[PDB]
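Working notes for the structure below.
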Ligand SMILES: *C(=N)c1cncn1Cc1ccccc1
Ligand SMILES: [Fe+2]
Ligand SMILES: [Zn+2]
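Numbering (the entry's author numbering), first residue to last: 16 to 342.
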């Protein structure tokens, strides 16, 4: 029903087909906000999307081709299924052994707590996940343990010259780069607890990462070698999640890693800038470029509610999804 009605209303031609020109009008209906702005879609990208749904190449989208378009593209743009992913908002990264405010950029991690809690209070997400760095005491990422594991011949620094925040390269095939951190987020420790003032909503799901002594996992998805993953992706699929809102600590390390993996996994991905803090101004900007160049978007807390409710529908996310629907 509603669908044929939509197709009918944009088939100006009345020829039971959709030209590129009539499709461009669909896009202008889709990619706008409700504060009076219509987003600009480059004509090149316009045809890129169009060609996804013109599955035979006839230069038209007929009512048979449009089924795929309506069910799998238009419906997600107008009614996304939103997951909120709160990364590593843990004691050791705010006031303990790895207080981000002591890193180079001197940013204060406690400041993300207010806007995150406000989002949790005002936006009805379809799922909320909280990740926790969850390291065993013998974890490879600690300066404390650099002597436990043989170093690679490629590494500039060995167990006797390495200092906290240096990068070493461990042997054990394959060779493995690892930045060394103070002991942090050890399992069952105060430093691994979620910050006491972070709201843990009742439906919230905790995802534990970094548990293998031999490999780190900055990302809530795959570990740093992309060998093993958490069950986050499987849990997202069980919820029908289409869109992932990512925040937390640190912007340029775990948040960024998680956001890039979410894009790799195929999700429409939104990084909430002011709900994040990072360790280094230059690496934060490199993280932003990565997300932007892979068709994620970066937004402020105040934009999230209208996006999640489908009242502010961004064309970068529409393009992401059309490119993913190629396969
Ligand atoms: C991810 N951000 C992460 C997980 N374990 C260590 N790190 C890096 C880091 C966290 C907090 C502050 C500074 C660096
Ligand atoms: Fe860690
Ligand atoms: Zn066609």
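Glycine residues also receive a C-beta, built at the ideal position from the N, C-alpha and C atoms.
Helix, strand or coil for residue i per DSSP?
{"i": "residue 233", "result": "coil"}
{"i": "residue 36", "result": "helix"}
{"i": "residue 226", "result": "coil"}
{"i": "residue 288", "result": "strand"}
{"i": "residue 78", "result": "coil"}
{"i": "residue 244", "result": "strand"}
{"i": "residue 122", "result": "coil"}
{"i": "residue 254", "result": "coil"}
{"i": "residue 305", "result": "helix"}
Going straight from the alpha carbon of residue i to that of residue j, what length do you get?
{"i": "residue 270", "j": "residue 235", "result": "9 angstroms"}
{"i": "residue 143", "j": "residue 263", "result": "13 angstroms"}
{"i": "residue 171", "j": "residue 183", "result": "7 angstroms"}
{"i": "residue 251", "j": "residue 323", "result": "16 angstroms"}
{"i": "residue 307", "j": "residue 318", "result": "17 angstroms"}
{"i": "residue 107", "j": "residue 92", "result": "38 angstroms"}
{"i": "residue 243", "j": "residue 224", "result": "10 angstroms"}
{"i": "residue 145", "j": "residue 27", "result": "48 angstroms"}
{"i": "residue 74", "j": "residue 301", "result": "39 angstroms"}
{"i": "residue 245", "j": "residue 96", "result": "21 angstroms"}
{"i": "residue 48", "j": "residue 320", "result": "12 angstroms"}
Please find out if some non-hydrogen atom of ligand 1 comes closer than 6 angstroms to the beta-carbon of residue i.
{"i": "residue 83", "result": "no"}
{"i": "residue 101", "result": "no"}
{"i": "residue 299", "result": "no"}
{"i": "residue 15", "result": "Only positions 16 to 342 of the chain appear in this structure, which leaves residue 15 out of reach."}
Can we count residue i as close to ligand 3, meaning its CB is less than 6 angstroms from some heavy atom?
{"i": "residue 37", "result": "no"}
{"i": "residue 80", "result": "yes"}
{"i": "residue 30", "result": "no"}
{"i": "residue 75", "result": "yes"}
From what residue to what residue does the beta strand (DSSP E) around residue i run?
{"i": "residue 264", "result": "258-264"}
{"i": "residue 98", "result": "97-102"}
Within the continuous alpha helix (DSSP H) that includes residue i, where are the two ends?
{"i": "residue 279", "result": "271-279"}
{"i": "residue 23", "result": "19-25"}
Quick one: does the C-beta of residue i sit closer than 6 angstroms to a heavy atom of ligand 2?
{"i": "residue 263", "result": "no"}
Length at least 4, wholly inside the segment 125-210: the alpha helix (DSSP H) runs in chain order: Within the segment 125-210, the complete alpha helix (DSSP H) runs of at least 4 residues are 128-137.
Length-filtered (3 minimum) beta strand (DSSP E) runs lying within the segment 307-340: Qualifying beta strand (DSSP E) stretches, in chain order: 312-314.
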